[PDB]
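Undergrad: Quick one: the structure is below, and I'll ask about it shortly.
Quick note: the coordinates plus some simple rules give every number you see, no bench work behind them. Virtual Cβ from ideal backbone geometry, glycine too; neighbours counted across all protein chains shown.
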């Protein structure tokens, strides 16, 4: 459909034809900040437009309210827009207040052209049909979803668009019935935005190891929450590492050799940058298998190190200084022992980059560093705006850390990630010890009223770290039914709760068709029904804000909702 | 008995690695990477203004390639699968299978703006048009190598029962001609340790590359590391092969007279006057994946007596008689190639007539530098022969000036007869 | 004043780069700009225009270094390192330096500047492995720095001779050698009647 995978070169050549001149800046990229995949996509896409000498402006955007503000004030000379990581699921023609008649030029002939193009690079679904069919200005990129999945919706969309009494009743309610089933699907991410732009670089003939690393980083960020998607794309990344890696083997290490191997990348927290003990203690997956919040879980961890034959005094050494024999024997120690605890799934092959003599970083460890930069790198309308300014300001810390010249900023990130995961854990234990997860039949509720350094959880990403930790913890327990989870946290200064709706997921080794985030409808439909004050402006529309006293009325109508 | 292997110009073996070049020439290069029982092929261009690189995954395991300015042709030697991929992708790719008998293989493939050409180890020769319509089946001596440039096709044939031979063709959109059919080819096969044998198991003929020069005169670079260019081929009764680089000698010369084993030439194209090639260094003869820049070797006629160079050097200095003998011969052959191009094809850059004028200028200056040696040794007879071959009437004034400076008044009078004879 | 104090009597290293960027360098074009007998054109005013309108892909040509770097910033060129940036020629210069304590070797005036430019911008275009070239550029840098420290024992009222010293090696020493020889001259001429 709009631009299928076969025809990304035509959309790119259309950008060059429309927006390349030495006279002016003509291209704007709007990127959702608070999304690593949109960050790695936009980094690749800027290195491309650098090499083509296309004068461009990148604007990081927090949410839909800022998208309208920034679009409203675009200089009329700007004739191409990229919307990277958002806007596929909203009607952009309605939302931005477009009327195509104010944008059309050279209408002659079975023909149109327009003074602006709006290219949507988005991996979320269900796609809004008035973008994918119902507009000539908005120009979505596709992984293949539309031709493979939307053929009944295409037909239903047009027969209903054409039809502006038995023969009518018999058909208008068939086609509205197809759209009414197409909406009333929950949200999901089905691709990485970076693997889409790498398949565009593959069409132009621009692939190299720097663009491949950004493709691996952008795609790795999915693994925590969309494991089913990482596993589709992972086979395709292995082939590209082989294709681009040079001939030499048994090579001497030199300050200039970049090597991007595929090798064991254990599912542990910041292994190469922390101790072997903290690697297990702060891992989501390990915590979920050993029940590691309570002190019998901590006994199971020591009892494992003792049985592996690693002293606690060695396991706690920083991984560089930990001894040369353990670090090469470790593959054999894990292949012997992890099976006893069911930790067998920790063995994984991943992508490991090392540059010169500065020591290896895995794609997993690098996205933990880049997210920690977005999260903590630095009158309610001012109290929101001077906070959303901070989250736009952090985007450029994560951006600059993608550069190899700036390893000191990556090393800030790798320290911040270890400060965060410790705070997530010290909060996640409080929730499980104090029994704060209430079972409400339709969903599970959790609400942080008070606690130490609670002022972290007002960033949408840090709330999702704690969400993904509580989800892994539940998803491995064999007695619990899988249920949607609502996680709420107060800001004592704004006097709102940040509320996040979370999908459950299957245990990390079991191998089904996906499950979808329908809080994105349930929150809108309850909001439209109530007189309560909320914000529904975030790009991940599973996340909302609500004033303190309105929350209990809101949850009281959420449990009644048939939409979950 | 002899074993037929698939050939592609400048392609390399896998050796111990998981990757090789299927081909290289003036357009670009192609490499294949072994990738868990399927392959990935990357096609790269030396001109990035005209062509955009691409890659695909190959399920079939192609081992033949030919790359030109219109498309890339792939073949799988053992199953007879061929595929043509045009470069604009306005035209579709196409795929076909050609009928191989038991133990038959495709030995090489080529493409022309209007034809795709396939040759096999039993010497069938199958033409398809540019869209995959069969146009012919000939039978020939088995074709061990093919090349094309525009409408010209050049093939090398070999069999135990026929010896080495070549054919040269110009198939055209109209007025098809075969210039030579199966004429004998004056090129050395190898003297049949693993540094050589891992290459000769892959390419038994030792043809490192087969190409046309940029002006469309055939070239071949054999196991003997000598570049042979076919002269005057547009008129078959006057054709000859010229050895225009002895590249072993030209390496020994630049490494200062060390017998040098760690360096090998790998040829890509002869632009006029200069072989584009990789100089490979190390114990394998062929280059590796980060393809080094094509170096340039200027062509040199093989008139360098190594023993004389040894005694006068004991950076290499070349005796000024030997240097003048080479520049006179090199200029005489290049001026004949340009002259025949300009007369039969016409110029493609306006410069070519100004190159030819400058090239005659280097010929007469080389002959006068030989005439000085003939005067120094007072061989008036040798001097008069050198003066008679001299072209410009204005350069023959220098011959009489040199003969007066040498005080050889016989040469003065004889040269004055040449002035009047050539004026008439 | 009109000119900043740190420029008043010397060049900044960025002005020493700008001077070196005005030299010819050999390249392999990856674009054919040459029109056939069977379009935009360069029209420059400080350098020879006739070399750029006649490029043919992979036949070498010379262009001014600031154009080679501007083409190499796209994929549209590759820069052929001079013959003296080879591990053979650098190792002959290192041997010369060790063998002749009394003299600097005949390296070109721009050798440190051009090594630093090409190792950053053209890192893939060397025939030798770039870590051995960086290693020998440092070996040469260090030997010449010893010979400079020996030379400064002779600062004088009359002159010095510094035959093969690079422009970048002169430019670091300029505000020391000339400032001290200026005070030795003032102390000397003051003594005269």
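Undergrad: Rounded to two decimals, what is the ratio between the C-alpha radius of gyration of the range A:224-304 and 2.2 N^0.38 Å?
TA: 1.52
Undergrad: Send over the semi-axes of the range A:273-343's equivalent ellipsoid, whole angstrom and largest first, taken as the square roots of 5 times the C-alpha gyration tensor eigenvalues.
TA: One finds semi-axes of 19, 14, 11 Å for the range A:273-343.
Undergrad: Also, I was wondering about something else. Can you pull the one-decimal nm distance between simple spin-label points at residue A:516 and residue A:528, each 7 Å off the Cα toward Cβ?
TA: Going by the 7 Å Cα→Cβ label model, 1.6 nm.
Undergrad: Using a simple spin-label model with points 7 Å from Cα along the Cα→Cβ vector, what separation in nm is obtained for residue A:406 and residue A:210?
TA: Distance between the two pseudo-spin positions: 1.4 nm.
Undergrad: Work the Kirkwood hydrodynamic radius out for the range A:466-507: mean of 1/r over every pair of different alpha-carbon atoms, inverted, in Å.
TA: Its Kirkwood hydrodynamic radius stands at 11.4 Å.
Undergrad: Now for a different question. Based only on the alpha carbon positions, what is the Kirkwood hydrodynamic radius of the range A:157-265, in angstrom?
TA: After inverting the mean inverse Cα-Cα distance, the result is 18.0 Å.
Undergrad: Let me make sure I get this right: for the range B:289-386, a, b and c are the square roots of the gyration tensor eigenvalues over alpha carbons, sorted descending. Under 1.5 in a/c it's rounded, otherwise prolate if a/b > b/c, else oblate. Which is it?
TA: The shape class here is oblate.
Undergrad: Evaluate the range A:514-564: find the radius of gyration of its Cα atoms, find its Kirkwood radius, and give the ratio Rg to Rh.
TA: Taking Rg over the Kirkwood Rh, I get 0.95.
Undergrad: Let me ask something else. Per-residue mean of other chain beta-carbon atoms within 10 angstrom of the beta-carbon, peptide B:45-51?
TA: Rounded to a whole number, the mean comes out at 6.
Undergrad: Does the range A:410-452 come out rounded, prolate or oblate, given a ≥ b ≥ c as the square roots of the eigenvalues of its C-alpha gyration tensor, rounded meaning a/c under 1.5 and, failing that, prolate meaning a/b above b/c?
TA: Taking the square roots of the gyration eigenvalues as a ≥ b ≥ c, the range A:410-452 is prolate.
Undergrad: Based on the Cα atoms of the protein assembly as shown, what semi-axes does the equivalent ellipsoid have, where each is the square root of 5 times one gyration tensor eigenvalue, given in whole Å with the largest first?
TA: Equivalent-ellipsoid dimensions as semi-axes: 66, 40, 31 Å.
Undergrad: Let me ask something else about it. Where does each of A:345-357, B:8-20, C:1-13 land if you order them by average Cβ count within 10 Å, highest first?
TA: Final packing ranking: B:8-20, A:345-357, C:1-13.
Undergrad: Same structure again: Would you mind ranking B:29, B:215 so that the residue whose beta carbon has the fewest other beta carbons within 10 Å leads the list?
TA: Fewest-to-most Cβ neighbours within 10 Å comes out as B:215, B:29.
Undergrad: Over the protein assembly as shown, what is the percentage of antiparallel beta bridges among all DSSP beta bridges, to the nearest 5?
TA: Roughly 85 percent of the DSSP beta bridges within the protein assembly as shown come out antiparallel.
Undergrad: Convex hull over the alpha-carbon atoms of the range B:1-131: what's its volume per residue in Å³?
TA: 118 Å³
Undergrad: Could you tell me, in Å, what Rg and Dmax come out for the Cα atoms of chain A?
TA: According to the Cα coordinates of chain A, Rg and Dmax are 24.7, 83 Å.
Undergrad: Provide the three semi-axes, in whole Å and in decreasing order, of the ellipsoid equivalent to the range A:362-564 as defined by the square roots of 5 times the Cα gyration tensor eigenvalues.
TA: Equivalent ellipsoid semi-axes, largest first: 29, 22, 16 Å.
Undergrad: Still on this model: For a Förster distance of 30 Å, can you work out the FRET efficiency between the beta-carbons of residue B:380 and residue B:342, rounded to the nearest 0.05?
TA: 0.20
Undergrad: Another question about this same structure. Give the dimensionless ratio obtained when the Cα radius of gyration of chain B is divided by 2.2 N^0.38 Å.
TA: 1.12
Undergrad: Summarise the partner chain shielding of C:73-82 as one whole number: the mean count of Cβ atoms from other chains within 10 Å of each residue's Cβ.
TA: Taking the mean over all residues of the peptide, I get 3.
Undergrad: In the range A:379-482, what is the volume of the convex hull around the alpha carbon atoms, normalised per residue and reported in Å³?
TA: 149 Å³
Undergrad: Order these by the 10 Å Cβ neighbour count, fewest first: A:122, B:340, A:76, A:335.
TA: The fewest-first ordering by Cβ neighbours comes to A:76, A:335, B:340, A:122.
Undergrad: Count, for each residue of A:242-255, the Cβ atoms from other chains sitting within 10 Å of its Cβ, then give me the mean as a whole number.
TA: What the average comes to for A:242-255 is 5.
Undergrad: Please report the antiparallel percentage of the DSSP beta bridges confined to chain A, to the nearest 5.
TA: So the antiparallel bridges in chain A amount to around 55 percent.
Undergrad: Let me ask you something else. By the gyration tensor of its Cα atoms, with a ≥ b ≥ c the square roots of the eigenvalues, what is the shape of the range B:238-308: rounded for a/c under 1.5, prolate for a/b over b/c, or oblate?
TA: Judged from the Cα gyration tensor, the range B:238-308 comes out oblate (a/c at least 1.5, b/c at or above a/b).
Undergrad: If you average 1/r over every pair of different alpha-carbon atoms in the range C:3-192 and take one over that average, what Kirkwood value in Å do you get?
TA: The Cα-based Kirkwood calculation yields 19.4 Å.
Undergrad: If I model a spin label as a point 7 Å beyond the Cα along the Cα-Cβ vector, how far apart are those points for residue A:306 and residue A:6 in nm?
TA: Taking the two extended label points, one gets 6.5 nm.
Undergrad: A further question on this structure: Over the range A:5-246, one equal point on each Cα, no solvent: what is log10 I(q)/I(0) by the Debye formula at q = 0.14, 0.15 Å⁻¹?
TA: Each listed q corresponds, in turn, to -1.00, -1.13.
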